[PDB]
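Peer 1: Got a structure here, written out as C-alpha cells. Questions coming.
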Amino acid sequence: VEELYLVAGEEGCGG
Amino acid sequence: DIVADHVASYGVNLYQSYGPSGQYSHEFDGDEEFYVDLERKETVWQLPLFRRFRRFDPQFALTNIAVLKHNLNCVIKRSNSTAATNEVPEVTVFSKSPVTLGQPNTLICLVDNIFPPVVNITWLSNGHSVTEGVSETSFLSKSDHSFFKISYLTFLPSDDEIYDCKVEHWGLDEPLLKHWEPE
Amino acid sequence: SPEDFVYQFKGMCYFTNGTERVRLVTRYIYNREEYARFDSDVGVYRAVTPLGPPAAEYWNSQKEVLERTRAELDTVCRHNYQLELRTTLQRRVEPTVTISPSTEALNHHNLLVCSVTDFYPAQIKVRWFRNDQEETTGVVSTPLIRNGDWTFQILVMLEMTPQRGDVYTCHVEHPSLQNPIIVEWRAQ
Ligand SMILES: *[C@@H]1O[C@H](CO)[C@@H](O[C@@H]2O[C@H](CO)[C@@H](O)[C@H](O)[C@H]2NC(C)=O)[C@H](O[C@@H]2O[C@H](CO)[C@@H](O)[C@H](O)[C@H]2NC(C)=O)[C@H]1NC(C)=O
Ligand SMILES: *[C@@H]1O[C@H](CO)[C@@H](O)[C@H](O)[C@H]1NC(C)=O
C-alpha cells in the first residue's frame, strides 16, 4: 500500500 | 490547543525564493519519516524499517512544491513583496549516549528557532573543520512555523579533543559556536 | 543579506483512539503568517488574515476541491495511519541506562544523574530508590529530549548526600522491556 498525501490548494491569480 | 494521541504531517511543504529551493517531508509524532530529493526525484526514508516496508511517489512532492511556487508568486503580488524576517537561532550541543573515553559516540547539535530555513551547520574538532562523519536532518517543522534542524558528529571521546558546533544564519551577526567536551 | 520569500503548506492529521477520532488541519503560510486553513471540524476553508479571503473563497467555491479536501480525513489521514500501525507504532528500541555523579565526598551534597538514552517510543518511567525507599523529592528531570534519529533520551537527577553505605538504584520501565532495568550506584 502506498503512502498518500494532502494536496496543496492552488491559488487563482493572474500570472 | 490540539490534544491528540498522535500527530502527523502528511506534507510538510516548503518553497522559498532564495535558491530557489524547496523541501517535502512527512513527519509522525515529531520525527521525520522521509524527504523527497527534489532534484533526483527520489524519496529518502530515514529508517531502515521505512525503506523496506514503505513507498511514496516522488512526483506527489514535485507536484505539491510546484503548487507552492505558484501560490508564492500570488501572495508576493498581494503583499507588495513582504519579505521574510530573520530570526535568531538557538543552539544546543549534547551527546547521544553516555560518554566513556575510547568508546565511539555521537555528538548532537540542535539548531532551533530557524527562520528563514537557510542555515550552515558545521563541526570543529580542536578548532579544525570536520569533513567526514557528519550528517543532518532536514528542516523539521514547528507549530510557530519556524524550523529546527539537527546535525550529528561521530567521534571518539578522548582526553585531548574538544568540539564546537558552528552555526551560520542571517539572523546572526557572526557565526555562533556552541562548545562541548568530555568533562 | 539577501531577501527571501517563504511559503509553507502543512497538512496535519491529529489522531486519538486509533483512527476513531481524527482531525485534519491544513495550513497555508506566507513566511510565518498562516493566512488560510482547512479544519475538518469546521468543514470549509477559512481565511485567517487579510491575505486569505481570495484563497479560501476560491477553494470553497470549487466544490470538487472542497469535497476532495473533506475526503482527505479518510483517504490520507486514516489511510496513512494504517501504514504507521505496521511500522512506526511497532518500533521498540530498548533504553541504555547509566548512573554517574555530577565528584563525591561523603557528607557533601551531590547530584546523581541517571542517563536514560536511545529509546523509542517516548513513554518511559524512571524511578530512583535509596536503599528500599522510593525517592519522591529531590528529583530533577530534564524534559524528554528528541535526538532527531527516532530515539529519545532523558536525564533524571537525584539531589542526595552520599552516606555510607547507602545504595542507590535507577529503575527503568519501557514498552520495549519485558522486565525493568535496574542500575545501581553504591556510595564509596
Ligand atoms: C510597495 O512597496 C514599495 C517598497 O516599500 C513601495 O515603494 C516605496 O515607497 C516609499 C514610500 O512611499 C518610498 O520612500 C520608496 O522610495 C519606494 N521604494 C521603491 C519604489 O522601491 C510601494 O509604495 C508605493 O510606491 C510608489 C512608487 O514609489 C509611491 O509613489 C507610493 O507612495 C508608495 N506607497 C507606499 C510606500 O505606501 C509599495 N506599493 C504600494 C501600492 O503601497
Ligand atoms: C553558507 O555557506 C555558503 C558557502 O560557504 C555561503 O555561500 C552561504 O552564504 C552560507 N549561508 C549562510 C551564512 O546562511
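How things are named: the first chain in the C-alpha cells is A, the next is B, and so on; residues count from 1 in each chain; ligands count from 1 in the order shown.
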Using only C-alpha atoms, select each residue of chain B with any atom at most 7 Å away from an atom of chain A, and give the selection as an mmCIF file with N, CA, C and O atoms, in the first residue's frame.
Peer 2:
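So the final result, stored in selection22.cif, reads:
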data_model
loop_
_atom_site.group_PDB
_atom_site.id
_atom_site.type_symbol
_atom_site.label_atom_id
_atom_site.label_comp_id
_atom_site.auth_asym_id
_atom_site.auth_seq_id
_atom_site.Cartn_x
_atom_site.Cartn_y
_atom_site.Cartn_z
ATOM 1 N N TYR B 10 1.450 15.038 6.905
ATOM 2 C CA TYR B 10 1.481 14.260 5.678
ATOM 3 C C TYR B 10 1.504 15.212 4.502
ATOM 4 O O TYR B 10 0.632 15.250 3.617
ATOM 5 N N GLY B 11 2.629 15.926 4.586
ATOM 6 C CA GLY B 11 3.105 17.030 3.827
ATOM 7 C C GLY B 11 3.559 18.141 4.757
ATOM 8 O O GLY B 11 2.704 18.905 5.194
ATOM 9 N N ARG B 54 7.837 0.743 3.249
ATOM 10 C CA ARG B 54 7.021 1.872 2.827
ATOM 11 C C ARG B 54 7.457 2.425 1.477
ATOM 12 O O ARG B 54 8.625 2.320 1.082
ATOM 13 N N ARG B 55 6.507 3.038 0.774
ATOM 14 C CA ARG B 55 6.805 3.653 -0.507
ATOM 15 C C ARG B 55 5.991 4.923 -0.703
ATOM 16 O O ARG B 55 4.793 4.962 -0.397
ATOM 17 N N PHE B 56 6.649 5.960 -1.225
ATOM 18 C CA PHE B 56 5.994 7.231 -1.522
ATOM 19 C C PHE B 56 6.459 7.731 -2.887
ATOM 20 O O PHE B 56 7.664 7.812 -3.147
ATOM 21 N N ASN B 64 3.196 19.029 -5.566
ATOM 22 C CA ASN B 64 2.857 19.926 -4.490
ATOM 23 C C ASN B 64 3.843 21.121 -4.483
ATOM 24 O O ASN B 64 3.420 22.218 -4.392
ATOM 25 N N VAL B 67 2.897 23.673 -6.889
ATOM 26 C CA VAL B 67 1.774 24.492 -6.430
ATOM 27 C C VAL B 67 2.246 25.588 -5.480
ATOM 28 O O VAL B 67 1.831 26.747 -5.607
ATOM 29 N N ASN B 71 1.592 29.431 -5.730
ATOM 30 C CA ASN B 71 0.951 30.196 -4.664
ATOM 31 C C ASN B 71 1.849 31.320 -4.173
ATOM 32 O O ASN B 71 1.374 32.431 -3.903
ATOM 33 N N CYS B 74 1.633 34.429 -6.206
ATOM 34 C CA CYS B 74 0.383 35.150 -5.958
ATOM 35 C C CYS B 74 0.459 35.979 -4.677
ATOM 36 O O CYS B 74 -0.022 37.114 -4.634
#
Peer 1: Could you list, as a list in words, all protein and nucleic acid residues with an atom at most 8 Å from ligand 2, counting only C-alpha atoms and all ligand atoms?
Peer 2: residues 118, 119, 120, 168, 169 and 170 of chain B
Peer 1: Hey, which residues come within 9 Å of ligand 1 if we count only C-alpha atoms and all ligand atoms? Could you give them as a PyMOL selection string?
Peer 2: chain B and resi 79-82
Peer 1: Using the selection just defined, write its residues with N, CA, C and O atoms as a JSON list (two decimals), in the first residue's frame.
Peer 2:
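The resulting result_18.json:
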[["chain", "number", "residue", "atom", "x", "y", "z"],
["B", 79, "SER", "N", 0.92, 40.95, -1.30],
["B", 79, "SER", "CA", 1.53, 41.54, -0.12],
["B", 79, "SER", "C", 2.51, 42.66, -0.44],
["B", 79, "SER", "O", 3.27, 43.08, 0.44],
["B", 80, "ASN", "N", 2.55, 43.12, -1.68],
["B", 80, "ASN", "CA", 3.59, 44.05, -2.10],
["B", 80, "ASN", "C", 4.98, 43.61, -1.63],
["B", 80, "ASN", "O", 5.72, 44.36, -0.99],
["B", 81, "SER", "N", 5.31, 42.35, -1.92],
["B", 81, "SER", "CA", 6.67, 41.82, -1.71],
["B", 81, "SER", "C", 7.13, 41.96, -0.26],
["B", 81, "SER", "O", 8.23, 42.45, 0.02],
["B", 82, "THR", "N", 6.28, 41.54, 0.67],
["B", 82, "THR", "CA", 6.70, 41.49, 2.07],
["B", 82, "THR", "C", 7.67, 40.32, 2.30],
["B", 82, "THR", "O", 7.28, 39.16, 2.17]]
Peer 1: Find, counting only C-alpha atoms, the residue in C:78, C:164, C:63, C:91 that gets nearest to residue C:108.
Peer 2: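 Ranked by minimum distance to residue C:108, first place goes to C:164.
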Peer 1: Residues of chain C no more than 9 Å from chain B, counting only C-alpha atoms: send them over as an MDAnalysis selection string.
Peer 2: chainID C and resid 1:18 21:22 29:34 51 76:77 80:81 83:84 86:88 91 96:98 115:118 146:150 153
Peer 1: Between atom CA of residue C:67 and atom CA of residue B:38, measure the distance and give it in Å to one decimal.
Peer 2: 28.9 Å
Peer 1: Rounded to one decimal in Å, what is the spacing between atom CA of residue B:175 and atom CA of residue C:142?
Peer 2: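 If I compute the distance from atom CA of residue B:175 to atom CA of residue C:142, I get 27.9 Å.
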